[PDB]
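Take a look at this one chain, the form deposited in one PDB entry, written out in structure tokens.
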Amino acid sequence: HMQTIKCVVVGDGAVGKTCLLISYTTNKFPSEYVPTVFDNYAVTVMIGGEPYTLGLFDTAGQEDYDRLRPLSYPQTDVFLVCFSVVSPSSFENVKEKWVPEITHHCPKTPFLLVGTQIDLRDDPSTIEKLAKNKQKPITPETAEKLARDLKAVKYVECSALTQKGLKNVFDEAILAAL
């Protein structure tokens, strides 16, 4: 029988946690989503020639759930700590709130650093909003730095909108959890 891996997804609200979960598991692009009233997702994945069942636990990024969120933390095999590459506050929260919170509950559970919304690195309007505050989209290199400093297995990035990087992210998550 197939092994089932617990993957928990954390990060600031609106970085795109739910979107990349839905897009990966359904192959749908955001525009094609059929609104759902339920949470979490289960997908079969092929790693090293063998199938695995991937259990994806979504979480709220808001402070209003700081109390309930860690309930889902026991038994986790791997964490995905997400931030938007076009949201610098997202980035900082990785070091300030996210890895701290997950290392606090799950001392030796692995985690990847996941950068989201990479399609917006090219968006004129986004670029401009960031310039007006003297900022630039986080780059893969500055993200890689953060990853090893904080000691994540690694950094991977994707776009739910174009689906670039999407497959790689969850492959690495399984590799990391093994």
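Start at 1 and count along the sequence shown; that's the residue number. The term rigid core refers to the maximal set of C-alpha atoms that superpose within 1.5 Å between the two forms.
**Student:** Of 24 to 32 and 146 to 154, which one has the bigger average CA B-factor?
**Tutor:** Between 24 to 32 and 146 to 154, it is 146 to 154 that shows the higher mean C-alpha B-factor.
**Student:** Where does the C-alpha B-factor of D66 rank in its chain, lowest, middle or highest third?
**Tutor:** Middle third by C-alpha B-factor.
**Student:** Just say lowest, middle or highest third for the CA B-factor of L112 relative to the other modelled residues in its chain.
**Tutor:** Middle third.
**Student:** Lowest, middle or highest third of the chain for the C-alpha temperature factor of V43?
**Tutor:** Answer is lowest: the recorded C-alpha B-factor places it there.
**Student:** C-alpha B factor of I138, ranked within the chain: lowest, middle or highest third?
**Tutor:** Highest third of the chain for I138's C-alpha B-factor.
**Student:** Looking at the temperature factor on the CA atom of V8, which third of the chain's modelled residues does it land in?
**Tutor:** CA B-factor rank for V8: lowest third.
Another form exists, deposited in another entry; not displayed. Remarks below refer to it.
**Student:** Hey, does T36 budge by 2 Å or more at the Cα between this form and the one not shown once the core is superposed?
**Tutor:** It does shift by 2 Å or more.
**Student:** Superposed on the rigid core, does the Cα of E50 end up 2 angstroms or more away between this form and the one not shown?
**Tutor:** Superposed on the core, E50 moves its C-alpha 2 Å or more between this form and the one not shown.
**Student:** Once you line up the core, how about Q135: does its CA shift reach 2 Å between this form and the one not shown?
**Tutor:** The answer is yes, as the C-alpha of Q135 shifts between this form and the one not shown by 2 Å or more after core alignment.
**Student:** Given a change of 3 Å or more, say if the Cα atoms of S23 and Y33 sit closer or farther in the other form than in this form.
**Tutor:** Farther apart, by at least 3 Å.
**Student:** Closer or farther apart in the other form, the C-alpha atoms of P140 and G48, for a change of 3 Å or more?
**Tutor:** Relative to this form, farther apart in the other form.
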